[PDB]
A.B. asks: 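This structure is in structure tokens; I'll ask about it shortly.
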Amino acid sequence: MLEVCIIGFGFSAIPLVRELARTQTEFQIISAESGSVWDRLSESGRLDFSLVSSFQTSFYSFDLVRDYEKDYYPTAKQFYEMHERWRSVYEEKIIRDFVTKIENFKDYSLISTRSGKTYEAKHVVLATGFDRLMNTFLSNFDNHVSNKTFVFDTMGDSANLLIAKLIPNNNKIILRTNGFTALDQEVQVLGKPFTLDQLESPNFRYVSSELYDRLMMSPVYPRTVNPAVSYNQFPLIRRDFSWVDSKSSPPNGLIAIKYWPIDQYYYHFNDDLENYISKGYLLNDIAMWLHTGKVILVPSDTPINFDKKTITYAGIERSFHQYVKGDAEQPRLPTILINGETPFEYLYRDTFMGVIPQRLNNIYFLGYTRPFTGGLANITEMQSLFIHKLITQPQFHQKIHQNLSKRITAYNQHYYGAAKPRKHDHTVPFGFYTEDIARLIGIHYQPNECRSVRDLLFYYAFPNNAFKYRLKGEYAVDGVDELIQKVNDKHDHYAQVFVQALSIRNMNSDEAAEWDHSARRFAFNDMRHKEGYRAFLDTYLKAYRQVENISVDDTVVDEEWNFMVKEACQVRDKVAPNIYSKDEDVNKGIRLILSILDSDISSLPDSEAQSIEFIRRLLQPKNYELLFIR
Ligand SMILES: Cc1cc2nc3c(=O)[nH]c(=O)nc-3n(C[C@H](O)[C@H](O)[C@H](O)COP(=O)(O)OP(=O)(O)OC[C@H]3O[C@@H](n4cnc5c(N)ncnc54)[C@H](O)[C@@H]3O)c2cc1C
Ligand SMILES: N[C@@H](Cc1c[nH]c2ccccc12)C(=O)O
Ligand SMILES: N[C@@H](Cc1c[nH]c2ccccc12)C(=O)O
């Protein structure tokens, strides 16, 4: 009887296959001849874009230990080349066929295929990814479209990439949406670049709910009155968050687009622009699009005629070339039959950690948990360890399964509360999920085992990337010691992030929101850093057109668009003329922290002074309990 069948092999399955090979666990992979969207994109020469996620969060530990030198955003080409390199390693273990049906029995499954070949396996892992409406726009994308009006009903990373590609052809862009959360993918800390995933310090949730809520939520929830922030200048960007019924923030189910702010884009790419564009570094600054009117927001119920293909806004009846109905992702699951008869019904919340379904025996889901920020790699690497342990260690399998239903209820209570299921329930803060799995497996760190201030920075401020949990113990990867060292040396041991928590520990939510926006450049959607880059934008558009052999007349003036922008930007044309604690507090804080790096915590003196009380309390956080684990 085959011990393990893995169904689907692209990106998610890679770390699990690595661990099964290491422990010489008998396994077979079944994966479609057709491959993935990355194959559609490769074949048709449209791997001409870049990830919305950092190298550190997007490649697996066992690659980073070799290949990490600096933080950067990988290209689509680099991500695909890495899939292909791992496929080549394991191709002999891959049967090229398509699973049509799985019949699940008490201790095995029967797997049916398009060819007709059937397989029996004790343990079955699904790593088949998602179907996505929007993939055709990307894979079949036509750039000879010019001066046309596009209407999007949803903002997501796919819409943002499409928009990035349309705008340089003077395509006009209308978003008819119920608001969206956009976040600069790279930010300044005292004029050094940090990818946003570097600044989440998620284990601060263990100090308290309320404290972590203040570290994180002012850029998302409409909390500051600062007229510089995109959600004040363009309030149609705001959302109905009335659904949120959890003290865990950011909540499970929050999705965000990560985008290049034009100032950071300029800093990286100004000096070899055309070459950086051809590599896939595309300017996708939605905030700059709103600023410049290249995109407009209209209310969610701005009526439109689908027969005449018209949107009417103010007094112009705008004909549109295309309505984009907005991305929805659904797992590519074959039919699964409970005791080989009753269709399994898939729902994220009814699975433990997005991995273990109820009423199935020895079936696991790998790659169906989506990270709020950072790459999928963080999520699938930890899921792969979790699955590997469940398959290979009956003691662990029994420990998790014995109370599976209670664990799932306690997880759902903690992260969703009373909210009804939503299509984005599968979206999680990466540094809660990785930590959650680490504590289930037992490869977590204990806060009480911190000895020095250096140790508290590593526990609380060092990002919860999967490789954090592969330094020592059961899943240790060779070279993680040197990788952690490089990362720490290049980011001042995450002292800046740590002193953010020190600065706001005494503030209420309104005070922390004001302080967040008191910077010369606050982290996200700072509309003061847009006007200065108008000339660079024109250089960018001409560089984009040069790389993609486009010609269009800006001497040709779409006078109708110019008119609808005015109407859309009315709140902005009032709010912006009304336009630095954080910078100074962080500057002072870092100096203090970097000065006591190697000081013993437990022995730090009594009697700032209460910032020492606080630092000593970090050995005994009071919100450490997670009832789906204990
Ligand atoms: C446009 C785009 C951009 C993305 N950008 C990023 C990014 O910036 N950062 C990031 O971290 N992630 C990104 N992702 C998400 C994620 O990394 C990809 O979706 C990735 O391909 C997921 O890998 P996977 O292995 O889960 O699924 P896939 O890569 O889709 O591989 C699954 C494989 O299973 C096969 N298969 C499916 N069903 C069956 C079956 N029944 N039988 C046999 N074989 C089957 C498929 O043919 C496929 O080859 C992006 C996704 C898309 C679409
Ligand atoms: N804590 C950092 C970074 C940050 C806040 N909210 C976020 C949401 C997602 C990612 C990063 C962040 C800050 O206050 O600026
Ligand atoms: N185009 C993809 C992007 C994506 C999916 N999952 C991700 C995880 C991390 C980063 C990007 C993604 C989508 O939004 O459907």
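Residue numbers run from 1 in the order of the sequence given.
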A.B. asks: Can a side-chain donor-acceptor contact be found between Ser246 and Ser248 if the only test is distance below 3.5 angstrom?
C.D. replies: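 No donor-acceptor contact under 3.5 Å links the two side chains.
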A.B. asks: Show which side-chain atoms of residues 331-343 pair as donor or acceptor with protein atoms under 3.5 Å away, not counting sequence neighbours.
C.D. replies:
none

A.B. asks: Start with the C-alpha distance between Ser58 and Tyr73, add both sets of side-chain angles, then the distance that settles side chain to side chain donor-acceptor pair (under 3.5 Å), and finish with yes or no.
C.D. replies: CA-CA 9 Å; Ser58 299; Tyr73 281 85; over 6 Å; no
A.B. asks: Give a yes or no answer on whether the side chain of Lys258 reaches the backbone of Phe372 with a donor-acceptor pair at less than 3.5 Å.
C.D. replies: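 Yes.
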A.B. asks: Will you find, in the side chains of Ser109 and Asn104, an N or O donor that is under 3.5 Å from an N or O acceptor?
C.D. replies: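 Distance-only check passes for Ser109 and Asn104.
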A.B. asks: Working to the nearest 0.5 Å, report the span between NE2 of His397 and CD1 of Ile391.
C.D. replies: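 Taking NE2 in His397 and CD1 in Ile391, the distance rounds to 8.5 Å.
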A.B. asks: Between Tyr60 and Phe467 (judged by ring centroids, cut-off 6.0 Å), do the two rings come close enough to count as a pair?
C.D. replies: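 No.
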A.B. asks: Can you tell me how far apart CZ (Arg46) and CZ (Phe141) are? Round to the nearest 0.5 Å.
C.D. replies: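 One finds 8.5 Å between CZ of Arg46 and CZ of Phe141.
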A.B. asks: Please examine the side chains of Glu120 and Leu110, heavy atoms only from C-beta on, and report whether any two atoms are closer than 4.5 Å.
C.D. replies: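 A side-chain contact exists here, since the closest heavy-atom pair is under 4.5 Å.
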A.B. asks: Might you work through the side chain to side chain contact (heavy atoms under 4.5 Å, CB included) test for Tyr475 and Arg22, ending with a clear yes or no?
C.D. replies: CA-CA 11 Å; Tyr475 286 110; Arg22 167 176 69 85; 3.6 Å; yes
A.B. asks: Is a side-chain donor-acceptor pair under 3.5 Å present for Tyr259 with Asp184?
C.D. replies: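 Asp184 vs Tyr259: donor-acceptor pair found between side chains.
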A.B. asks: Quick check on side chain to side chain donor-acceptor pair (under 3.5 Å): which of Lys399, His388, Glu474, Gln398 does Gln393 satisfy it with?
C.D. replies: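 Considering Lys399, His388, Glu474, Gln398, a side chain to side chain donor-acceptor pair (under 3.5 Å) with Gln393 is found only for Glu474.
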A.B. asks: Give a yes or no on whether the ring-centroid distance for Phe11 and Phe79 is below 6.0 angstrom.
C.D. replies: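 Between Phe79 and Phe11, which both carry aromatic rings, the centre distance is below 6.0 Å.
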A.B. asks: When you check the side-chain N and O atoms of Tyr68 and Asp63, is any donor under 3.5 Å from an acceptor?
C.D. replies: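 Checked: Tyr68/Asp63 side chains show no N/O donor-acceptor pair below 3.5 Å.
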A.B. asks: Is there a donor-acceptor pair under 3.5 Å between the side chain of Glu3 and the backbone N or O of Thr25?
C.D. replies: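 No.
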A.B. asks: Can you list the steps and then say if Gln198 with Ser54 is a side chain to side chain donor-acceptor pair (under 3.5 Å)?
C.D. replies: CA-CA 9 Å; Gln198 299 289 273; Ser54 63; 5.3 Å; no
A.B. asks: Are there over 12 heavy-atom neighbours, none belonging to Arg85, within less than 6.0 Å of that residue's CZ?
C.D. replies: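 Enclosed.
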A.B. asks: Could you walk me through whether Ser50 and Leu282 pass side chain to side chain contact (heavy atoms under 4.5 Å, CB included), step by step?
C.D. replies: CA-CA 7 Å; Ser50 61; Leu282 308 191; 5.9 Å; no
A.B. asks: Can you tell me if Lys77 and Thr75 form a side-chain donor-acceptor pair at under 3.5 Å?
C.D. replies: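 Side-chain D/A pair, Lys77 to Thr75: absent.
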A.B. asks: So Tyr433 and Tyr415, do their side chains get closer than 4.5 Å, heavy atoms only?
C.D. replies: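 With C-beta onward as the side chain, the pair stays apart.
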A.B. asks: Under 3.5 Å, is there a donor-acceptor pair between the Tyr119 and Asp97 side chains?
C.D. replies: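 No donor-acceptor contact under 3.5 Å links the two side chains.
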A.B. asks: Between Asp436 and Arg205, is there a salt bridge with N-O shorter than 4.0 Å?
C.D. replies: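 So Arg205 pairs with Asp436 through a salt bridge.
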A.B. asks: How about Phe27 and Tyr90: are their ring centres within less than 6.0 Å of each other?
C.D. replies: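 Centroid separation for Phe27 and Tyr90: 6.0 Å or greater.
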A.B. asks: Output, in order, the C-alpha distance, side-chain angles, deciding distance and verdict of side chain to side chain contact (heavy atoms under 4.5 Å, CB included) for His401 and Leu390.
C.D. replies: CA-CA 9 Å; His401 281 86; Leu390 287 164; 4.3 Å; yes
A.B. asks: Check whether the ring centres of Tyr323 and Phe306 lie less than 6.0 Å apart, and answer yes or no.
C.D. replies: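 Yes; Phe306 has its ring centre under 6.0 Å from that of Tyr323.
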A.B. asks: Quick one: are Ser12 and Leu376 in side-chain contact, heavy atoms under 4.5 Å?
C.D. replies: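 Counting from C-beta outward, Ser12 and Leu376 do come under 4.5 Å.
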A.B. asks: Taking the side chain as every heavy atom from C-beta outward, state whether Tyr221 and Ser249 have any atom pair closer than 4.5 Å.
C.D. replies: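 Side-chain contact under 4.5 Å: no.
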A.B. asks: Working to the nearest 0.5 Å, report the span between OH of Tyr624 and CD1 of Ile629.
C.D. replies: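 So the OH of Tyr624 and the CD1 of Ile629 are separated by 8.0 Å.
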A.B. asks: Is there a donor-acceptor contact under 3.5 Å linking the side chains of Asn252 and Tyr411?
C.D. replies: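 There is such a pair (donor and acceptor under 3.5 Å, judged by atom type) between the side chains of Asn252 and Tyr411.
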A.B. asks: If we ignore angles and hydrogens, is there a donor and acceptor under 3.5 Å between the side chains of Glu381 and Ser61?
C.D. replies: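 Per modelled atom types, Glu381 and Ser61 side chains form a pair under 3.5 Å.
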A.B. asks: To the nearest 0.5 Å, what is the distance between CD1 (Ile387) and CD1 (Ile437)?
C.D. replies: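 If I round to the nearest 0.5 Å, the distance is 8.5 Å.
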A.B. asks: Can you list everything that forms a side-chain hydrogen bond (donor to acceptor under 3.5 Å, both in side chains) with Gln185? Sequence neighbours excluded, please.
C.D. replies: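 side-chain hydrogen bond (donor to acceptor under 3.5 Å, both in side chains) check on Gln185 returns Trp260.
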A.B. asks: How many angstroms lie between CG in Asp478 and CG in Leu483, if you round to the nearest 0.5 Å?
C.D. replies: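 Taking CG in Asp478 and CG in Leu483, the distance rounds to 12.5 Å.
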A.B. asks: So with a 6.0 Å cut-off around CD of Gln24, is the heavy-atom count from everything else above 12?
C.D. replies: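 At most 12 heavy atoms, drawn from other residues, nucleotides or ligands, come within 6.0 Å of this atom.
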A.B. asks: For the ring pair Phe365 and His426, is the centre-to-centre distance below 6.0 Å?
C.D. replies: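 That pair fails the under 6.0 Å test.
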A.B. asks: Between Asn412 and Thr409, is there a side-chain donor-acceptor contact under 3.5 Å, judged purely by atom types and distance?
C.D. replies: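 No, no side-chain donor-acceptor pair sits under 3.5 Å.
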A.B. asks: Are any of the side-chain heavy atoms of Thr195 and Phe55 separated by less than 4.5 Å?
C.D. replies: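 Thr195 vs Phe55: side chains apart.
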A.B. asks: Under a 4.5 Å cut-off applied to non-hydrogen side-chain atoms, are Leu254 and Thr181 in contact?
C.D. replies: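 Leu254 vs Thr181: side chains touch.
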A.B. asks: Is it true that a side-chain atom of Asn284 and a backbone atom of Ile163 form a donor plus acceptor pair closer than 3.5 Å?
C.D. replies: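 Such a contact is absent between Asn284 side chain and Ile163 backbone.
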A.B. asks: Please check if the number of heavy atoms outside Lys93 that lie under 6.0 Å from its NZ is greater than 12.
C.D. replies: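 Counting other residues, nucleotides and ligands, NZ of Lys93 exceeds 12 neighbours.
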A.B. asks: Are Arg18 and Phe62 in a cation-pi setup, meaning NZ or CZ lies under 6.0 angstrom from the ring centre and within 45 degrees of the ring axis?
C.D. replies: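 Here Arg18 passes the 6.0 Å and 45° test against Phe62.
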A.B. asks: Check this for me: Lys101, atom NZ, are more than 12 non-hydrogen atoms of other residues, nucleotides or ligands nearer than 6.0 Å?
C.D. replies: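 For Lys101, atom NZ is not crowded (no more than 12 foreign heavy atoms under 6.0 Å).
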A.B. asks: Between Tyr346 and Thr351, do the side chains contain an N or O donor and an N or O acceptor separated by less than 3.5 Å?
C.D. replies: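 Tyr346 vs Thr351: no donor-acceptor pair found between side chains.
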A.B. asks: For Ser53 and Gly374, indicate whether the former's side chain and the latter's backbone hold a donor-acceptor pair under 3.5 Å.
C.D. replies: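 Flag not set: sc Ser53 to bb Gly374 has no pair under 3.5 Å.
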A.B. asks: Rounded at 0.5 Å granularity, tell me how far CD1 in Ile286 sits from CZ in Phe180.
C.D. replies: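 Going from CD1 on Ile286 over to CZ on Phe180, the span is 4.5 Å.
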A.B. asks: Which residues satisfy the side chain to side chain contact (heavy atoms under 4.5 Å, CB included) test with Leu627, sequence neighbours excluded?
C.D. replies: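 Side chain to side chain contact (heavy atoms under 4.5 Å, CB included) check on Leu627 returns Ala410, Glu625.
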A.B. asks: Determine the sole option in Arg370, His424, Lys423 for which the side chain to side chain donor-acceptor pair (under 3.5 Å) test with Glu329 is passed.
C.D. replies: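 Answer to the side chain to side chain donor-acceptor pair (under 3.5 Å) test with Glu329 among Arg370, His424, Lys423: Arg370.
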A.B. asks: Answer yes or no: is there a donor N or O on one side and an acceptor on the other, between the side chain of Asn378 and the main chain of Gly375, under 3.5 Å?
C.D. replies: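 No; judged by distance alone, with no hydrogens or angles, the pair does not exist.
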A.B. asks: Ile102 and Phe344: side chain to side chain contact (heavy atoms under 4.5 Å, CB included), yes or no, with the steps?
C.D. replies: CA-CA 10 Å; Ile102 302 174; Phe344 169 79; over 6 Å; no
A.B. asks: Any side-chain heavy-atom pair from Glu435 and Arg439 closer than 4.5 angstrom?
C.D. replies: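 In contact.
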A.B. asks: Find out whether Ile363 and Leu126 are in side-chain contact, i.e. whether some heavy atom of one side chain is under 4.5 Å from a heavy atom of the other.
C.D. replies: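 Result yes, sub-4.5 Å side-chain heavy-atom pair found.
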A.B. asks: Would you say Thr128 and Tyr368 are linked by a side-chain donor-acceptor pair, where the criterion is simply a distance under 3.5 Å?
C.D. replies: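 Looking only at side-chain atoms, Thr128 and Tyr368 do form a donor-acceptor pair, the distance falling under 3.5 Å.
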A.B. asks: Give a yes-or-no answer on whether the side chains of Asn203 and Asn464 include a donor-acceptor pair shorter than 3.5 Å.
C.D. replies: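 A donor-acceptor contact under 3.5 Å links the two side chains.
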A.B. asks: For the pair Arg470 and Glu19, find out whether any cationic side-chain nitrogen is under 4.0 Å from an anionic carboxylate oxygen.
C.D. replies: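 A salt bridge is present here (some side-chain N lies under 4.0 Å from a carboxylate O).
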A.B. asks: Please check: side-chain N/O of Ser42 versus main-chain N/O of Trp38, any donor-acceptor pairing under 3.5 Å?
C.D. replies: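 Flag not set: sc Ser42 to bb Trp38 has no pair under 3.5 Å.
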A.B. asks: Can the ring centroids of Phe204 and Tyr212 be said to lie less than 6.0 angstrom from one another?
C.D. replies: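 Between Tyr212 and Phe204, which both carry aromatic rings, the centre distance is not below 6.0 Å.
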